[PDB]
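I have placed the structure first, in the form of structure tokens, so that the comments after it can refer back to it.
So you know, we letter chains A, B, ... as the sequences are listed, proteins then strands, and number each from 1. Just follow the structure's listing: the first ligand is 1, and inside any ligand the first atom is 1.
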Amino acid sequence: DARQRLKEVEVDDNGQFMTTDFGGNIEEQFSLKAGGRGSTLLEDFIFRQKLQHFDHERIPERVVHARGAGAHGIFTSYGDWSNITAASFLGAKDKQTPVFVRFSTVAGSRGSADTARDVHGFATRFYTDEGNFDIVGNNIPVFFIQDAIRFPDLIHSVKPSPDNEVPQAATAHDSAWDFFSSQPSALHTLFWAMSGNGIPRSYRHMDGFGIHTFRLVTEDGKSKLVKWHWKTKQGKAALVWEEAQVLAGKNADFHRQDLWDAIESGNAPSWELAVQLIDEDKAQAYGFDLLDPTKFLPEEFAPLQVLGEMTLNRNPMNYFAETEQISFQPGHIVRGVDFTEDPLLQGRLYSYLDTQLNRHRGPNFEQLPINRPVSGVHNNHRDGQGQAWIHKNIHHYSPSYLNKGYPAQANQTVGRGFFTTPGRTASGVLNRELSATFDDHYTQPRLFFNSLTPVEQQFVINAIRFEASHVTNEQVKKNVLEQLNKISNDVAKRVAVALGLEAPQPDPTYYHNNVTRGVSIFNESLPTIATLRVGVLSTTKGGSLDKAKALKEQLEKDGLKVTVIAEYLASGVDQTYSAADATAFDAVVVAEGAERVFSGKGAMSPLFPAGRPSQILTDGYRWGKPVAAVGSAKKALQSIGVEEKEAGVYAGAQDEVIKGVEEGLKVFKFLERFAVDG
Amino acid sequence: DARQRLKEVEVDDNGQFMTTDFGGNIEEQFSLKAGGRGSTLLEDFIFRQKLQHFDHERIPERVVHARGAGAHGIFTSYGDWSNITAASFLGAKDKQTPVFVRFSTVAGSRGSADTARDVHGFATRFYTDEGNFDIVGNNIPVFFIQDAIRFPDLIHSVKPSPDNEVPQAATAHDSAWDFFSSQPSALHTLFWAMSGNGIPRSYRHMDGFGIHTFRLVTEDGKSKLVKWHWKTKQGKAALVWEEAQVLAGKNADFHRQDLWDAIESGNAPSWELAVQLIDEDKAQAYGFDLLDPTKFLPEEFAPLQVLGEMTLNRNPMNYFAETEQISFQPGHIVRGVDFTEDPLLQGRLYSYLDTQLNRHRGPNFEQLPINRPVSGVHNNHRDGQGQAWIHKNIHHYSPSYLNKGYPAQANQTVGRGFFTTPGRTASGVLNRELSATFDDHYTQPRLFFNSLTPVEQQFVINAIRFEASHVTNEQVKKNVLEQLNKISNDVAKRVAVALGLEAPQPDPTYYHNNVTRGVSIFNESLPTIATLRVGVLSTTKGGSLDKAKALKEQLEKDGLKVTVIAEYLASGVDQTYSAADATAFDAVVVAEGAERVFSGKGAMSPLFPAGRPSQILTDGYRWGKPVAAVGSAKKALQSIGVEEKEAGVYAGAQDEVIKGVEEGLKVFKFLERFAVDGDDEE
Ligand code: HEM
Ligand code: HEM
């Protein structure tokens, strides 16, 4: 049980009488009053201690990545990696380390929708036996900016306009595209956010990245540059925008519920931890600077090497105490890992320690159960708001004769202390500049775009078309096109169409046709369809429900999560048409007999909004899902102009429908249903 | 200009060089580094001061009503009301007082959707010349619970489950309905939240209520019991649930955008302030106890008396400094007004002062520009975090010979001080009980349901069906039915159908057929269509766009906000099909020629999602909006099976369509398009 250490702070209230926070049994359903219809008394200590606690429940949300959810798990090392790192959690084959992971969007406040288009956070804590090590990563391998000092500019520009606080959880507004075009470094991450990575099917269907080049350091001080990757065992999968939008309203909790359900159902998600490892002398060898976080390292130059696997298999018991309070920091580093001179990383180190002071309102946040390491804390820190321990050492300073030298200094040679990479040097003048090696903002955006499938490329174009069309300022829109043109004239032209502008002439400076692997989502089928969701459209009239129940049982055999939908909650029915929507499902299947709710009297029940069943089937099809109908239910497909010969559309007997749907769910999205320019 | 007083703290950065927060011009686009590809230096004071400010930007959201938006405006008294109150802001005809109003939902966090189903906040500050007076109201006249001590219970049950923090901004889950059924006083507000009040078309189309009985007190100490009402001059209007859901996704900012736009466009919204006035000796004379916040006073017993009007005409300059930071309190009271022994109001007084300490992390939040009164602060308060003043009086205590008696005591007869209603008395034993007069939890929910139109009643039932069907626990659903049945056997029967439960046996103790005016939304057409939105569906091909532009100009004459939609942003086009949705508009009109995008090739384009023009027209129709088509565009209506002669459907020449659409917009929703229980029987 990854959560074991937390059991000692769990509080069970079952079978108990109500109390105040300072003990003593009470009742707290009536205010104390002066007379039957009298005023409430100030001496009502019960009322006040209860309302004061309530009044003060809220803490500031994260300044970024406010919207998110997490779970506990276990990371298992596949080997003794002492040849590349001194890091203890990687020191032995099969060595296990508890983890907690939080996934998130970036721009939106708490309560914003999971399926907004955004970069996503993928933050992992390893509670190692040598301290907490966090990889605070995203689901996209590059970031918008090259120097941490520019972070408030980026974030201000993306978050809501400061006059009216519009729009929520969206880059689709003037200030964001003003920034993207004024600060061209941003174009690469922008392309990723405009691809499927911006609207993932779930947290479980994302890869993860540390983004920055870090260093692995061995006991003897030897170093390697490293990129951290998390490779999803569930496969990458993305929504389509028009679906993400409806889902944002129909279930803002889509991703957090998905993770929760997967874990509760015993379908814990896994990711392999992989690294790219390159020598120090490669820092500038690949046509860009590895200190530049707006670039990724093509796998063709340095393949992924798998180090282990983490599985998330325990949900939190209290979301606030665990998920909300957890405080990640890239400065949570351990022996065997070191930083690089990445100027984005450099400033994060400051920011994440400082921000906790805001969010936790005091300096002792590492003492919160979710933040505590498992490995022991021994130092001369004292006091501070909410000090939860009682220190025994009264000689809280070093050096000292009186404490006999304890706690003692640890370094590279004694006590397994942290140490900076011995070979690192500094040379040159102090400066407020960036290396000219950071200057190319367009080659990699082109590389990424090149590496997507034709429809996948169209999604990127259509996302930009959608977003930029919201920009009211004409010149910003032209500025955007000028910058896009530097990446691809074709991209610029196709976007320009939507904006009713003329794209600039070709500017071939950065154009090229190279491609790289591992960045596409839609070029590969899913490795498993376990946990995927099938909505079975039925009806309470006739024999449909019994067949739907039979269909459900067979589908659940293949690890699928099945929802039988009908007009009302009859025996066997999981959800009403009123409550159902296609966004909730990876596949939509009309049970035989249910055609009766697609036309005629059966389709006009006051029990659901007009057209509801047809809409679900229509949405499912247009959004590229496998859709099917059993037996006579094929009339339902006919009612919406859909034909059986189409890819990802299935009809016939129950056996045949199940087989096709299950194969279709591996394809996941049927891209033949989306038009491409030309 | 209601914001005039705020000008002194406004900061203009145009034409200036960048500085630190302690002055000194700087650059702050590059971190200071030890060498060309070097590590960042700790001595980079510029970096740290910039990022420290960024790092500490957020403050806690409000514990309830975290999601909302506000505006500045002016309140004008219609007369000298000194005959009923000593309140200075009501003391002369035409007297003007600056106001700020924040509207909100309740359950959802910041960032949740404006069109979630929920009670809505309607909080108004009057910056009077005798201190700040806040009416902290909602858009529904009754509250869930009868004693403030139960607030954390209600709120906890309605907010997301504490294990996984699901669901956001919704009562549609087990714990909420467990609470509603375990604590039946909640049933009244529940019915209102399940009506159109739960899903208003905008903040501008809501009424407002103080909910509690308060007291108006004259100079001589005579009091009357009072209910505060805000009556929208824009008329009440609501969405349908299936619409509100899509809108939550398509535009989470729908309501804050609507208010912002109305104000920017010079279409400031207004509400009349009205009161019901009750004799003290009639507190329990109307079939319930006026100290009970779960009850409203039927207007048949005590009609609304209009005292004045408030108009919101200025948007904020900085949302955070103004809207987010403003701190309302029902304890913000002034001479001429007093509290009552309403046990819910009673505890609010404590909670709103205390909670500011959490949100603002300090005791000086009244010093923030948006919280400051216009009338002057003089007392012996000192220090505290963030103290923004420098006090001159060194004898900061009373009584005192050394300060000559200043600041001096003010009371009823001296210095126009606040005073508690002199006639108020306490009688009886100290108790942790509620008056038996509070016992009836079903009569008024029944009264409210009786007072809605048939389709309006259907909306309530369908909302309950939708919500309750989310409850996983079977006993909880049965508990809910047992409670609904105490209100109305037919309601429980109709809801039971959805849940697959047996229609309960009548339990007539509280049943009655009484009706009251002023609670329906749909039984009345809008007084104005100004600001309402028309989506004109057009095309870049052919002559459609030119005709669309003409249609637009005429519509705009009648005060409408018109969006011309096409495949891409050609000249005259306001929005692409890709970016458009029916939820954005109050009416949808297909411009002549646009029928080409409803079928065949024109409907197949990489520029928008398959079926988008059709989906917009379909949604508009199904959600009860006025829909229309000019000339040949009638083919678009045909394509979605809509007959040209239905109510709320307009087809013909440009002139006729404009006429019909403008007429339909006053009706606003065409309720004939919604099935009522029994309709589908053979
Ligand atoms: C490679 C670039 C970056 C990545 C991958 C990244 C990732 C993340 C993630 C995943 C979180 C959410 C952690 C959680 O779930 O609690 C987060 C939060 C945060 N980030 Fe970053 N971020 C990056 C750049 C930056 C920069 C440049 C800054 C400032 C210099 C910054 C400052 C912050 C702050 C202040 C928080 C809030 C932390 C808290 O409140 O606990 N980030 N970031
Ligand atoms: C008639 C019943 C009630 C009404 C009409 C009401 C209305 C409101 C409104 C409109 C707001 C948001 C104000 C804004 O826009 O900033 C609010 C916030 C709040 N309410 Fe109430 N409420 C009621 C009951 C209660 C009760 C019984 C309590 C606790 C005893 C309570 C505690 C709070 C708190 C702590 C806030 C946050 C205030 C802040 O953070 O500034 N409310 N309420």
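Of the possible polar contacts, one joining the A/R125 side chain to the A/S327 backbone as a donor-acceptor pair under 3.5 Å is found. In this structure a side-chain-to-backbone donor-acceptor pair under 3.5 Å is missing from B/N358 to A/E57. The closest donor-acceptor contact from the side chain of B/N371 to the backbone of B/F365 lies under 3.5 Å. Here the side chain of A/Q146 pairs a donor or acceptor atom with the backbone of A/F438 at under 3.5 angstrom.
With atom 10 (C) of ligand 1 as the reference point, the heavy atom nearest to it among A/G137, A/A148, A/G208 is part of A/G137. Looking at A/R102, A/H212, A/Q356, A/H360 and measuring to atom 39 (C) of ligand 1, the nearest heavy atom belongs to A/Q356.
Using a 4.0 Å cut-off to heavy atoms of A/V136, the atoms of ligand 1 that qualify are 5 (C), 7 (C), 8 (C), 9 (C), 10 (C). With ligand atoms numbered from 1 in the order given, ligand 2 contributes 34 (C), 35 (C) to contacts under 4.0 Å with heavy atoms of B/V63. Atoms of ligand 2 lying under 4.0 Å from any heavy atom of B/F328, numbered from 1 in the order shown and given with element: 13 (C), 14 (C), 15 (O), 16 (O). Applying the 4.0 Å criterion to heavy atoms of B/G121 picks out, from ligand 2, the atoms 10 (C). Applying the 4.0 Å criterion to heavy atoms of B/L51 picks out, from ligand 1, the atoms 29 (C), 30 (C).
In this structure, B/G347 counts as a contact residue of ligand 2, since one of its heavy atoms falls inside 4.0 Å of the ligand. The closest approach between A/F122 and ligand 1 falls below 4.0 Å for a heavy atom of the residue.
For atom 5 (C) of ligand 2, the closest heavy atom belonging to the protein is B/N138 ND2, 3.3 Å. For atom 35 (C) of ligand 2, the closest non-hydrogen atom of the protein is B/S351 OG, 3.2 Å. Among all non-hydrogen protein atoms, the one lying nearest atom 31 (C) of ligand 1 is A/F151 CE2, 3.3 Å. The protein heavy atom nearest to atom 40 (O) of ligand 2 is B/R359 NE, 2.9 Å. Given atom 17 (C) of ligand 1, the protein heavy atom at minimum distance is A/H65 CD2, 3.2 Å. Atom 16 (O) of ligand 2 has as its closest protein heavy atom B/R62 NE, 2.8 Å. The protein atom (non-hydrogen) at minimum distance from atom 36 (C) of ligand 2 is B/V64 CG2, 3.6 Å. Looking from atom 6 (C) of ligand 2 to the surrounding protein, the closest heavy atom is B/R348 NH2, 3.3 Å. Looking only at heavy atoms of the protein, atom 38 (C) of ligand 2 is closest to B/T355 CG2, 3.7 Å.
Between B/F144 and B/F179, the ring centre distance reaches or exceeds 6.0 Å. Between A/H229 and A/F209, the distance from one ring center to the other falls under 6.0 angstrom. Taking the six-membered ring where the residue is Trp, the centroids of B/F296 and B/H188 are separated by under 6.0 Å. For B/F133 and B/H332, the ring centers sit 6.0 Å or farther from each other.
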- Message: Does A/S31 form a side chain to side chain contact (heavy atoms under 4.5 Å, CB included) with B/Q346? I'd like the steps, not just the answer.
- Response: CA-CA 9 Å; A/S31 297; B/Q346 291 279 310; over 6 Å; no
- Message: Set out, in order, the CA-CA distance, both residues' side-chain angles and the distance that settles side chain to side chain contact (heavy atoms under 4.5 Å, CB included) for A/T355 and B/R58, then state yes or no.
- Response: CA-CA 10 Å; A/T355 208; B/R58 303 293 178 264; over 6 Å; no
- Would B/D207 and B/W230 count as a side chain to side chain contact (heavy atoms under 4.5 Å, CB included) if you check the C-alpha gap in whole Å, the side-chain angles of each, and the deciding distance to 0.1 Å? CA-CA 5 Å; B/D207 279 347; B/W230 290 110; 5.8 Å; no
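At a heavy-atom distance under 4.0 Å, only side-chain atoms of B/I211, from C-beta outward, approach ligand 2.
Environment of CZ in A/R372: sparse, with no more than 12 heavy atoms of neighbouring residues, nucleotides or ligands closer than 6.0 Å.
At a threshold of 2.8 Å, atom 21 (Fe) of ligand 2 has a backbone or side-chain N, O or S atom of B/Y352 nearer than that distance.
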